[PDB]
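Just run_1.pdb here, PDB, C-alpha atoms:
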MODEL        1
ATOM      1  CA  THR A   4     -80.170  63.412  50.393  1.00  0.00           C
ATOM      2  CA  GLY A   5     -80.083  66.577  52.428  1.00  0.00           C
ATOM      3  CA  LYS A   6     -80.862  69.195  49.785  1.00  0.00           C
ATOM      4  CA  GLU A   7     -84.268  69.658  48.175  1.00  0.00           C
ATOM      5  CA  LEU A   8     -86.478  66.610  48.606  1.00  0.00           C
ATOM      6  CA  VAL A   9     -89.201  65.654  46.145  1.00  0.00           C
ATOM      7  CA  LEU A  10     -92.338  63.581  46.187  1.00  0.00           C
ATOM      8  CA  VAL A  11     -93.009  61.240  43.265  1.00  0.00           C
ATOM      9  CA  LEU A  12     -96.652  61.733  42.278  1.00  0.00           C
ATOM     10  CA  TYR A  13     -96.914  58.718  39.895  1.00  0.00           C
ATOM     11  CA  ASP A  14     -94.500  55.831  39.193  1.00  0.00           C
ATOM     12  CA  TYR A  15     -92.508  56.649  36.107  1.00  0.00           C
ATOM     13  CA  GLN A  16     -90.696  54.388  33.642  1.00  0.00           C
ATOM     14  CA  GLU A  17     -87.583  55.537  31.786  1.00  0.00           C
ATOM     15  CA  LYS A  18     -87.925  55.775  28.008  1.00  0.00           C
ATOM     16  CA  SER A  19     -84.433  56.942  26.986  1.00  0.00           C
ATOM     17  CA  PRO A  20     -80.752  56.798  28.145  1.00  0.00           C
ATOM     18  CA  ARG A  21     -80.821  59.964  30.331  1.00  0.00           C
ATOM     19  CA  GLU A  22     -83.868  58.952  32.326  1.00  0.00           C
ATOM     20  CA  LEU A  23     -84.450  57.002  35.534  1.00  0.00           C
ATOM     21  CA  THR A  24     -87.417  54.973  36.812  1.00  0.00           C
ATOM     22  CA  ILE A  25     -89.234  56.139  39.972  1.00  0.00           C
ATOM     23  CA  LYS A  26     -92.145  54.963  42.150  1.00  0.00           C
ATOM     24  CA  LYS A  27     -95.152  56.812  43.431  1.00  0.00           C
ATOM     25  CA  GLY A  28     -94.773  57.516  47.130  1.00  0.00           C
ATOM     26  CA  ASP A  29     -91.038  58.045  47.270  1.00  0.00           C
ATOM     27  CA  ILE A  30     -89.243  61.056  48.646  1.00  0.00           C
ATOM     28  CA  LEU A  31     -86.059  61.423  46.605  1.00  0.00           C
ATOM     29  CA  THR A  32     -83.337  63.990  46.481  1.00  0.00           C
ATOM     30  CA  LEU A  33     -83.665  66.727  43.852  1.00  0.00           C
ATOM     31  CA  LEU A  34     -80.424  67.495  41.992  1.00  0.00           C
ATOM     32  CA  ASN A  35     -81.546  69.877  39.255  1.00  0.00           C
ATOM     33  CA  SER A  36     -84.858  71.627  38.550  1.00  0.00           C
ATOM     34  CA  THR A  37     -83.778  74.552  36.333  1.00  0.00           C
ATOM     35  CA  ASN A  38     -85.392  72.932  33.292  1.00  0.00           C
ATOM     36  CA  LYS A  39     -89.178  73.358  33.173  1.00  0.00           C
ATOM     37  CA  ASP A  40     -90.099  69.872  31.916  1.00  0.00           C
ATOM     38  CA  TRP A  41     -87.288  67.606  33.207  1.00  0.00           C
ATOM     39  CA  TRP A  42     -85.826  67.435  36.720  1.00  0.00           C
ATOM     40  CA  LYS A  43     -82.762  65.517  37.788  1.00  0.00           C
ATOM     41  CA  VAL A  44     -83.330  63.334  40.810  1.00  0.00           C
ATOM     42  CA  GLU A  45     -81.495  60.520  42.576  1.00  0.00           C
ATOM     43  CA  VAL A  46     -82.941  57.062  43.344  1.00  0.00           C
ATOM     44  CA  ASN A  47     -81.221  54.096  45.000  1.00  0.00           C
ATOM     45  CA  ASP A  48     -77.895  53.932  43.108  1.00  0.00           C
ATOM     46  CA  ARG A  49     -77.838  56.395  40.202  1.00  0.00           C
ATOM     47  CA  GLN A  50     -78.861  59.918  39.169  1.00  0.00           C
ATOM     48  CA  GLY A  51     -81.083  60.844  36.250  1.00  0.00           C
ATOM     49  CA  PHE A  52     -83.969  62.660  34.618  1.00  0.00           C
ATOM     50  CA  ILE A  53     -87.703  62.270  35.125  1.00  0.00           C
ATOM     51  CA  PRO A  54     -90.644  64.583  34.263  1.00  0.00           C
ATOM     52  CA  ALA A  55     -90.761  67.697  36.444  1.00  0.00           C
ATOM     53  CA  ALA A  56     -94.530  67.288  36.311  1.00  0.00           C
ATOM     54  CA  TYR A  57     -94.268  63.878  37.981  1.00  0.00           C
ATOM     55  CA  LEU A  58     -92.648  65.500  41.009  1.00  0.00           C
ATOM     56  CA  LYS A  59     -93.779  67.820  43.792  1.00  0.00           C
ATOM     57  CA  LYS A  60     -91.185  70.090  45.432  1.00  0.00           C
ATOM     58  CA  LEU A  61     -91.308  69.454  49.157  1.00  0.00           C
ATOM     59  CA  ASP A  62     -90.023  72.721  50.621  1.00  0.00           C
TER      60      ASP A  62
ENDMDL
END
For this file, produce the structure as C-alpha cells.
Amino acid sequence: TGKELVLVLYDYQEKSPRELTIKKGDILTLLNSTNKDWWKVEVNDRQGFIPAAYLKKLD
C-alpha cells in the first residue's frame, strides 16, 4: 500500500495471463496507470492488470 489507492467499482474476473481478479468494494494499491485502458494494481498476494475503467483513483 501507501502510494495511490484505488476503489474497485465492479468485481472483475481475469481473462488472460497478465490480469488479476478483483472485488467490488476493495481499496487496493495502484502500481501503474500510464496506460489508458489497463491499470496495474495489487491484490492479496500478486500484482497484475485490470481495466482502468473498473477503478476509481482515490486521491
Problem set entry | Distance query stretch 31-42 of chain A at most 10 Å, all atoms listed in the file, self and fewer than 5 positions along chain excluded, as a list in words | residues 4, 5, 6, 7, 8, 9, 10, 11, 22, 25, 26, 47, 50, 51, 52, 53, 54, 55, 56, 57, 58, 60 and 61 of chain A
Seminar exercise, completed: Here atom CA of residue A:21 and atom CA of residue A:62 stand apart by 25.7 Å
For this session: To one decimal in Å, tell me the separation between atom CA of residue A:48 and atom CA of residue A:27.
Result: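 Taking atom CA of residue A:48 and atom CA of residue A:27, their separation equals 17.5 Å.
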Exercise. What gap, in Å, lies between atom CA of residue A:45 and atom CA of residue A:30?
Worked result: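 So the two atoms, atom CA of residue A:45 and atom CA of residue A:30, lie 9.9 Å apart.
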